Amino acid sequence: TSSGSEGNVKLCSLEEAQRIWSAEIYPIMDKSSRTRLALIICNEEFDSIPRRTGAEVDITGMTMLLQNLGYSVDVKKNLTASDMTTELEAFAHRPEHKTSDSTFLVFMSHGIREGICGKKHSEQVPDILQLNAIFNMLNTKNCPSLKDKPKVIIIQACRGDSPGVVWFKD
(Lines of atoms letter the chains of each structure in order from A and count residues from 1; the text may use other names and numbers.)
(Lines give C-alpha, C1' and ligand atoms only; values in the text may rest on other atoms or scores of the structure.)
Protein backbone atom coordinates (compact mmCIF):
# COMPACT_ATOMS: atom_id res chain seq x y z
CA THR A 1 0.00 0.00 0.00
CA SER A 2 1.07 3.58 -0.80
CA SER A 3 -0.68 4.98 2.30
CA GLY A 4 2.38 4.19 4.45
CA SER A 5 5.39 6.37 5.28
CA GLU A 6 7.40 4.82 2.42
CA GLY A 7 4.68 5.80 -0.10
CA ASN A 8 5.42 4.48 -3.60
CA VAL A 9 8.87 3.09 -2.68
CA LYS A 10 8.92 -0.72 -2.89
CA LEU A 11 9.74 -2.24 0.50
CA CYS A 12 12.71 -4.47 1.25
CA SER A 13 11.47 -7.57 3.09
CA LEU A 14 13.22 -9.13 6.11
CA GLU A 15 14.26 -12.18 4.04
CA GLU A 16 15.66 -10.01 1.23
CA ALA A 17 17.58 -7.89 3.75
CA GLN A 18 19.25 -11.01 5.21
CA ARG A 19 20.12 -12.24 1.70
CA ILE A 20 21.98 -8.95 1.14
CA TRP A 21 23.53 -9.04 4.63
CA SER A 22 28.46 -9.07 3.54
CA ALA A 23 31.15 -6.94 5.23
CA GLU A 24 31.01 -4.50 2.30
CA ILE A 25 27.76 -2.70 3.19
CA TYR A 26 27.31 0.65 4.97
CA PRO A 27 25.80 0.13 8.46
CA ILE A 28 22.21 1.24 9.07
CA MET A 29 21.28 2.85 12.40
CA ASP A 30 18.26 1.77 14.46
CA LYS A 31 15.05 3.11 12.88
CA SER A 32 13.62 4.09 16.29
CA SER A 33 16.46 6.45 17.25
CA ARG A 34 18.16 7.62 14.02
CA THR A 35 17.76 11.21 12.79
CA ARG A 36 18.36 11.21 9.02
CA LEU A 37 18.67 14.58 7.28
CA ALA A 38 18.42 15.67 3.65
CA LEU A 39 18.71 19.06 1.93
CA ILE A 40 17.10 20.25 -1.30
CA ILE A 41 18.22 23.53 -2.87
CA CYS A 42 16.08 24.49 -5.86
CA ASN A 43 16.41 27.72 -7.83
CA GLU A 44 13.28 28.55 -9.88
CA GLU A 45 13.04 32.37 -10.05
CA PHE A 46 16.11 34.20 -11.36
CA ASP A 47 17.02 37.85 -11.96
CA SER A 48 18.33 37.43 -15.52
CA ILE A 49 17.81 33.77 -16.50
CA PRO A 50 14.37 32.42 -17.63
CA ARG A 51 11.94 30.93 -15.08
CA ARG A 52 12.44 27.21 -14.42
CA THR A 53 8.83 26.14 -14.96
CA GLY A 54 8.10 22.67 -13.56
CA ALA A 55 10.63 22.98 -10.72
CA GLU A 56 7.78 22.59 -8.21
CA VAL A 57 7.14 19.09 -9.62
CA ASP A 58 10.82 18.26 -8.97
CA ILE A 59 10.62 19.68 -5.43
CA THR A 60 7.46 17.69 -4.63
CA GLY A 61 8.85 14.46 -6.12
CA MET A 62 12.27 14.58 -4.45
CA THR A 63 10.93 15.75 -1.07
CA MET A 64 8.39 12.91 -0.89
CA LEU A 65 10.95 10.32 -2.11
CA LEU A 66 13.58 11.26 0.49
CA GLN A 67 10.92 11.24 3.23
CA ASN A 68 9.85 7.79 2.00
CA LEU A 69 13.48 6.70 2.43
CA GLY A 70 13.50 7.97 6.04
CA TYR A 71 15.06 11.43 5.67
CA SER A 72 13.80 14.66 7.21
CA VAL A 73 13.92 17.12 4.33
CA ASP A 74 14.94 20.81 4.37
CA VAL A 75 13.80 22.71 1.28
CA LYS A 76 15.50 26.01 0.38
CA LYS A 77 14.56 28.05 -2.69
CA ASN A 78 16.00 30.83 -4.89
CA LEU A 79 19.45 31.32 -3.38
CA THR A 80 22.62 33.04 -4.56
CA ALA A 81 25.85 31.00 -4.60
CA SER A 82 26.79 32.80 -1.37
CA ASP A 83 23.46 31.83 0.22
CA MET A 84 23.89 28.21 -0.95
CA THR A 85 27.33 28.17 0.71
CA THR A 86 25.87 29.55 3.98
CA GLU A 87 23.05 26.98 3.79
CA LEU A 88 25.48 24.09 3.14
CA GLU A 89 27.64 25.23 6.07
CA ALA A 90 24.57 25.32 8.34
CA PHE A 91 23.51 21.86 7.14
CA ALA A 92 26.98 20.49 7.96
CA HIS A 93 26.61 21.84 11.52
CA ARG A 94 23.26 20.13 12.17
CA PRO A 95 23.42 18.01 15.38
CA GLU A 96 21.17 15.34 13.80
CA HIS A 97 24.03 14.08 11.58
CA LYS A 98 25.74 12.64 14.69
CA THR A 99 22.78 10.27 15.15
CA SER A 100 22.38 9.67 11.40
CA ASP A 101 23.88 7.01 9.10
CA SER A 102 23.82 8.91 5.78
CA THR A 103 22.69 12.05 3.95
CA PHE A 104 21.28 13.27 0.63
CA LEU A 105 21.97 16.67 -0.95
CA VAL A 106 19.88 17.75 -3.95
CA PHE A 107 20.70 20.74 -6.18
CA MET A 108 18.36 21.92 -8.95
CA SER A 109 18.99 25.05 -11.03
CA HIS A 110 20.26 26.47 -14.30
CA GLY A 111 23.86 25.42 -14.91
CA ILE A 112 26.99 26.04 -16.96
CA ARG A 113 30.26 24.11 -17.42
CA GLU A 114 31.78 25.73 -14.30
CA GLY A 115 28.88 24.76 -12.01
CA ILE A 116 25.44 25.61 -10.63
CA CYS A 117 23.76 29.02 -11.12
CA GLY A 118 22.62 31.19 -8.21
CA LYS A 119 19.56 33.45 -8.41
CA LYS A 120 21.57 36.54 -9.47
CA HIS A 121 23.58 34.82 -12.23
CA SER A 122 24.27 36.61 -15.51
CA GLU A 123 26.93 36.26 -18.22
CA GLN A 124 28.38 39.65 -17.22
CA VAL A 125 28.34 38.97 -13.46
CA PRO A 126 28.58 35.19 -12.80
CA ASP A 127 26.97 33.72 -9.68
CA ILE A 128 28.18 30.11 -9.58
CA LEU A 129 28.51 27.36 -6.99
CA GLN A 130 31.12 24.76 -7.95
CA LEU A 131 30.69 21.05 -7.21
CA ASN A 132 34.14 21.23 -5.58
CA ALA A 133 32.77 23.60 -2.91
CA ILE A 134 29.89 21.20 -2.14
CA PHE A 135 32.33 18.33 -1.46
CA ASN A 136 34.63 20.55 0.64
CA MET A 137 31.78 21.73 2.90
CA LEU A 138 30.61 18.14 3.50
CA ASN A 139 33.98 16.37 3.90
CA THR A 140 35.51 14.96 7.13
CA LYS A 141 37.31 18.24 7.94
CA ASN A 142 34.26 20.52 7.63
CA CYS A 143 31.60 17.95 8.56
CA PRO A 144 33.12 15.44 11.05
CA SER A 145 29.62 14.22 12.03
CA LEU A 146 29.27 12.55 8.61
CA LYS A 147 32.61 10.71 8.81
CA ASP A 148 32.32 7.16 7.36
CA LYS A 149 28.74 7.85 6.26
CA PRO A 150 27.44 7.89 2.65
CA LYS A 151 26.91 11.40 1.30
CA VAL A 152 24.83 11.34 -1.88
CA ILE A 153 24.86 14.48 -4.04
CA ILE A 154 22.22 14.85 -6.79
CA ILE A 155 22.53 17.67 -9.34
CA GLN A 156 19.94 18.69 -11.94
CA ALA A 157 21.48 21.34 -14.22
CA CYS A 158 23.04 21.88 -17.64
CA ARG A 159 26.81 21.48 -17.77
CA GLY A 160 27.15 23.49 -20.99
CA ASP A 161 25.30 24.42 -24.18
CA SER A 162 25.87 21.29 -26.31
CA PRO A 163 23.02 18.86 -27.22
CA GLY A 164 25.31 15.97 -26.18
CA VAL A 165 24.90 13.99 -29.41
CA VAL A 166 26.73 12.85 -32.54
CA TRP A 167 25.44 11.18 -35.74
CA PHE A 168 26.33 7.70 -37.01
CA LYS A 169 25.18 5.58 -39.97
CA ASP A 170 24.11 1.92 -40.04
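One rule holds for the numbers: they count along the sequence shown, beginning at 1. For clarity, a rigid core is taken as the largest C-alpha set superposing within 1.5 Å between two forms.
With every structure aligned by its rigid core, 22-30 is the stretch of 22-30 and 55-63 whose CA positions lie farther away in 6 other deposited structures of this protein.
Looking at 119-127 and 38-46 together, the entry lists the larger mean B-factor for 119-127, computed on C-alpha atoms. Mean CA temperature factor is higher for 22-30 when stretches 59-67 and 22-30 are set side by side in the entry.
When the C-alpha B-factors of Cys12, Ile153, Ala157, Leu146 are read from the PDB record, the largest value belongs to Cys12. Annotation for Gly164: C-alpha temperature factor in the lowest third relative to the rest of the modelled chain, per the entry. Ranked by C-alpha B-factor against the other modelled residues of its chain, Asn139 falls in the lowest third. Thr53: CA B factor in the highest third of modelled residues in this chain (values from the PDB entry).
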